[PDB]
Structures are given as C-alpha cells and as structure tokens.
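*Asks:* Sharing coords35.csv below, CSV, C-alpha atoms and all ligand atoms:
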chain,number,residue,atom,x,y,z
C,19,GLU,CA,-15.4,-2.1,-26.9
C,20,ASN,CA,-16.3,0.4,-24.0
C,21,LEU,CA,-16.3,-2.6,-21.6
C,22,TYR,CA,-15.0,-1.5,-18.3
C,23,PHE,CA,-13.4,-4.2,-16.1
C,24,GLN,CA,-12.4,-4.2,-12.5
C,25,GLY,CA,-9.9,-6.4,-10.7
C,26,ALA,CA,-11.2,-9.8,-9.5
C,27,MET,CA,-8.3,-11.6,-8.0
C,28,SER,CA,-7.6,-11.9,-4.2
C,29,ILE,CA,-6.3,-8.7,-2.8
C,30,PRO,CA,-2.6,-9.0,-1.8
C,31,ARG,CA,-1.7,-9.0,1.9
C,32,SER,CA,2.0,-8.3,2.4
C,33,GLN,CA,4.3,-8.8,5.5
C,34,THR,CA,5.5,-5.3,6.2
C,35,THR,CA,7.0,-3.2,8.9
C,36,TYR,CA,5.7,0.3,9.6
C,37,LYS,CA,7.6,2.5,12.1
C,38,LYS,CA,9.5,-0.6,13.0
C,39,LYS,CA,6.5,-2.7,14.0
C,40,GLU,CA,5.5,-5.8,12.1
C,41,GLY,CA,2.2,-6.0,10.4
C,42,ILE,CA,0.1,-6.6,7.2
C,43,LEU,CA,-0.3,-4.2,4.4
C,44,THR,CA,-3.4,-4.7,2.3
C,45,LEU,CA,-6.5,-2.9,0.7
C,46,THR,CA,-10.0,-2.8,2.1
C,47,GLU,CA,-12.4,-5.2,0.3
C,48,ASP,CA,-14.0,-2.2,-1.6
C,49,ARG,CA,-10.4,-1.4,-2.8
C,50,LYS,CA,-10.9,2.2,-1.6
C,51,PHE,CA,-8.4,2.3,1.2
C,52,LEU,CA,-4.8,1.1,1.7
C,53,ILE,CA,-4.6,-0.3,5.2
C,54,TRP,CA,-1.9,-1.4,7.5
C,55,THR,CA,-2.6,-3.4,10.7
C,56,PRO,CA,0.0,-4.5,13.3
C,57,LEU,CA,0.4,-8.2,14.1
C,58,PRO,CA,-1.4,-10.2,15.3
C,59,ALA,CA,-3.8,-8.4,12.9
C,60,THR,CA,-6.7,-9.0,15.3
C,61,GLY,CA,-7.5,-5.3,15.6
C,62,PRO,CA,-8.3,-2.3,13.4
C,63,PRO,CA,-5.8,-0.7,11.1
C,64,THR,CA,-3.2,1.7,12.4
C,65,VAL,CA,-2.9,3.3,8.9
C,66,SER,CA,-5.8,3.8,6.6
C,67,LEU,CA,-5.2,5.8,3.5
C,68,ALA,CA,-7.8,6.5,0.9
C,69,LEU,CA,-6.6,5.8,-2.6
C,70,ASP,CA,-8.3,9.0,-3.6
C,71,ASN,CA,-5.8,10.9,-1.4
C,72,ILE,CA,-2.6,9.3,-2.6
C,73,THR,CA,-0.6,11.6,-4.7
C,74,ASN,CA,2.5,9.5,-5.2
C,75,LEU,CA,4.0,6.0,-4.8
C,76,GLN,CA,7.7,5.4,-4.9
C,77,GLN,CA,9.9,2.2,-4.4
C,78,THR,CA,13.5,1.5,-3.5
C,79,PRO,CA,15.1,0.2,-6.8
C,80,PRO,CA,15.5,-3.6,-7.1
C,81,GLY,CA,18.8,-4.7,-5.5
C,82,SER,CA,18.5,-2.0,-2.8
C,83,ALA,CA,19.4,-3.0,0.8
C,84,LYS,CA,15.7,-2.8,1.7
C,85,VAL,CA,12.5,-3.3,-0.1
C,86,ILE,CA,10.4,-0.3,0.6
C,87,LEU,CA,7.3,1.3,-0.7
C,88,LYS,CA,6.6,5.0,0.0
C,89,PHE,CA,3.2,6.6,-0.2
C,90,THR,CA,2.6,10.3,-0.2
C,91,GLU,CA,-0.9,11.6,0.8
C,92,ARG,CA,-2.8,14.8,-0.1
C,93,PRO,CA,-1.9,17.5,2.5
C,94,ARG,CA,-4.9,17.4,5.0
C,95,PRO,CA,-7.0,20.6,5.2
C,96,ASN,CA,-5.3,21.3,8.6
C,97,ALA,CA,-2.6,23.6,7.1
C,102,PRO,CA,5.1,19.1,3.7
C,103,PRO,CA,2.6,16.3,2.8
C,104,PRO,CA,2.1,13.2,5.0
C,105,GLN,CA,4.1,10.1,3.9
C,106,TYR,CA,4.1,6.5,4.9
C,107,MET,CA,6.9,4.0,4.3
C,108,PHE,CA,6.3,0.2,4.4
C,109,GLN,CA,9.3,-2.2,4.5
C,110,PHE,CA,8.7,-5.6,2.9
C,111,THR,CA,10.0,-8.2,5.1
C,112,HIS,CA,9.1,-11.7,3.6
C,113,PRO,CA,12.4,-13.5,3.6
C,114,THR,CA,12.3,-14.6,-0.1
C,115,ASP,CA,9.2,-12.8,-1.5
C,116,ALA,CA,9.7,-9.2,-0.3
C,117,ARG,CA,10.2,-7.7,-3.7
C,118,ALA,CA,7.5,-9.8,-5.4
C,119,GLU,CA,5.1,-8.7,-2.8
C,120,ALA,CA,6.0,-5.1,-3.2
C,121,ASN,CA,5.5,-5.4,-7.0
C,122,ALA,CA,2.2,-6.9,-6.6
C,123,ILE,CA,0.7,-4.4,-4.3
C,124,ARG,CA,2.4,-1.6,-6.4
C,125,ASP,CA,0.9,-3.0,-9.6
C,126,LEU,CA,-2.6,-3.2,-8.0
C,127,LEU,CA,-2.4,0.3,-6.7
C,128,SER,CA,-1.1,1.9,-9.8
C,129,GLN,CA,-3.9,0.2,-11.8
C,130,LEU,CA,-6.5,1.6,-9.3
C,131,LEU,CA,-4.9,5.0,-9.2
C,132,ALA,CA,-4.6,5.4,-13.0
C,133,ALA,CA,-8.2,4.3,-13.6
C,134,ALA,CA,-9.7,7.1,-11.4
C,201,CL,CL,15.1,-6.1,-4.4
C,202,CL,CL,10.4,-14.5,-5.0
C,203,CS,CS,1.3,-12.9,0.3
C,204,CS,CS,-7.2,11.6,-7.2
C,205,CS,CS,16.6,-6.6,-1.1
C,206,CS,CS,4.0,8.6,8.8
C,207,CS,CS,8.7,-11.2,8.2
So, in terms of structure tokens, how does the structure I just supplied come out?
*Replies:*
Amino acid sequence: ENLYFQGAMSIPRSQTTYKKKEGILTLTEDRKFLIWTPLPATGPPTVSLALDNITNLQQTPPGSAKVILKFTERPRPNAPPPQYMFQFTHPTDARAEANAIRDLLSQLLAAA
C-alpha cells in the first residue's frame, strides 16, 4: 500500500498520418511529450505536445471509416484551442495501435 508504479514497457510507436503526411506517433523517453515525426523519421518531430498541456483526447468509434485520435491542447498564452488529429494507417493493426497509445496516454494523464 502507497506504492506508486510507473509504466515500464516499450513506448508504442504508431504508423500515422498528420496533415496527410506519413510518420510515426510516439512519446518522448521521459513520457512527458507526445511527438509526431514525418517519415523517414530521421529528423526532429514536427509536433511536440506536452502531456501537461493536453486537455482532451477523443477517438473515432470502432468500425468508423477511419481510425483517428484527436488531441486538444491548452490554448497558448498568445490569445478556439489547438487540436491535432492523427490517422492510424497500419493495414491490419490501426485500431489496436490507437488503443495502445490511447491507453498509455490516458494512464499518464489521469495520474497527474
Ligand atoms: Cl475500427
Ligand atoms: Cl489487429
Ligand atoms: Cs507498433
Ligand atoms: Cs494538467
Ligand atoms: Cs476502420
Ligand atoms: Cs493542427
Ligand atoms: Cs501505413
């Protein structure tokens, strides 16, 4: 009792499109940021979103035409809120990949 545990499995990396480009959606090793990087995934991420600034996560329902996760960010101190949609594109595993990254995130987000 009172033991606190953190996640210790491999961080999921998901084949996803963002603004119609293909790339990889993952978290940083410290599990503090959601990141998306365009293929070939040599470079830095195009999207880097602090878990601390995510205010919502939504999904297309299972059996939808597309598998999509939608992240809403805290409005920046520069003034509707920023949103990011990632379409899961693995031919067979799209929904399982979305579930996995969703399940990780919602665990990290609820713990804070
Ligand atoms: Cl589905
Ligand atoms: Cl599957
Ligand atoms: Cs994977
Ligand atoms: Cs928060
Ligand atoms: Cs689908
Ligand atoms: Cs966006
Ligand atoms: Cs793909």
*Asks:* At a cut-off of 12 Å around ligand CL 201 (chain C), and using only C-alpha atoms and all ligand atoms, what residues come up? Please write them as a PyMOL selection string.
*Replies:* chain C and resi 77-87+109-121
*Asks:* Around ligand CS 206 (chain C), out to 12 Å and counting all atoms listed in the file, which residues are there? I want them as a ChimeraX atom specification.
*Replies:* /C:36-38,54,64-67,88-91,102-108
*Asks:* Select, from C:21, C:59, C:72, C:29, the residue with the minimum atom-to-atom distance to residue C:45, counting all atoms listed in the file.
*Replies:*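 Closest to residue C:45 of all the choices is C:29.
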*Asks:* What's the separation between atom CA of residue C:49 and atom CA of residue C:23, in Å to one decimal place?
*Replies:*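 Distance reported for this atom pair: 13.9 Å.
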*Asks:* Identify which of the residues C:43, C:75, C:122, C:53 lies closest to ligand CL 202 (chain C), counting all atoms listed in the file when measuring atom-to-atom distances.
*Replies:*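 When distances to ligand CL 202 (chain C) are compared using all atoms listed in the file, the smallest one comes from C:122.
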*Asks:* With all atoms listed in the file counted and 8 Å as the cut-off, give the residues of chain C in contact with ligand CS 203 (chain C), each with its shortest interatomic distance in Å and the pair that gives it, as JSON lines.
*Replies:*
{"residue": "C:30", "atom": "CA", "partner": "C:CS203", "partner_atom": "CS", "distance": 5.9}
{"residue": "C:31", "atom": "CA", "partner": "C:CS203", "partner_atom": "CS", "distance": 5.2}
{"residue": "C:32", "atom": "CA", "partner": "C:CS203", "partner_atom": "CS", "distance": 5.1}
{"residue": "C:33", "atom": "CA", "partner": "C:CS203", "partner_atom": "CS", "distance": 7.3}
{"residue": "C:119", "atom": "CA", "partner": "C:CS203", "partner_atom": "CS", "distance": 6.5}
*Asks:* Please give me, as a list in words, the residues lying within 8 Å of ligand CS 204 (chain C) when counting all atoms listed in the file.
*Replies:*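 Using all atoms listed in the file, I find these residues within 8 Å of ligand CS 204 (chain C): residues 69, 70, 71, 72, 73, 131 and 134 of chain C.
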*Asks:* Rank nothing, just name the residue among C:93, C:25, C:58, C:41 nearest to residue C:125, using all atoms listed in the file.
*Replies:*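 Looking only at the distances to residue C:125, the closest residue turns out to be C:25.
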*Asks:* Could you tell me how far atom CA of residue C:68 lies from atom CA of residue C:52, in Å and to one decimal?
*Replies:* 6.2 Å
*Asks:* For a quick check of understanding, using all atoms listed in the file, which of C:24, C:55, C:34, C:44 has the smallest distance to ligand CS 207 (chain C)?
*Replies:* C:34
*Asks:* When you count only C-alpha atoms, which of these residues is closest to residue C:35: C:57, C:97, C:62, C:133?
*Replies:*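 Selected residue with least distance to residue C:35: C:57.
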*Asks:* Quick one, how far is atom CA of residue C:40 from atom CS of ligand CS 207 (chain C)?
*Replies:*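 Interatomic distance, atom CA of residue C:40 to atom CS of ligand CS 207 (chain C): 7.4 Å.
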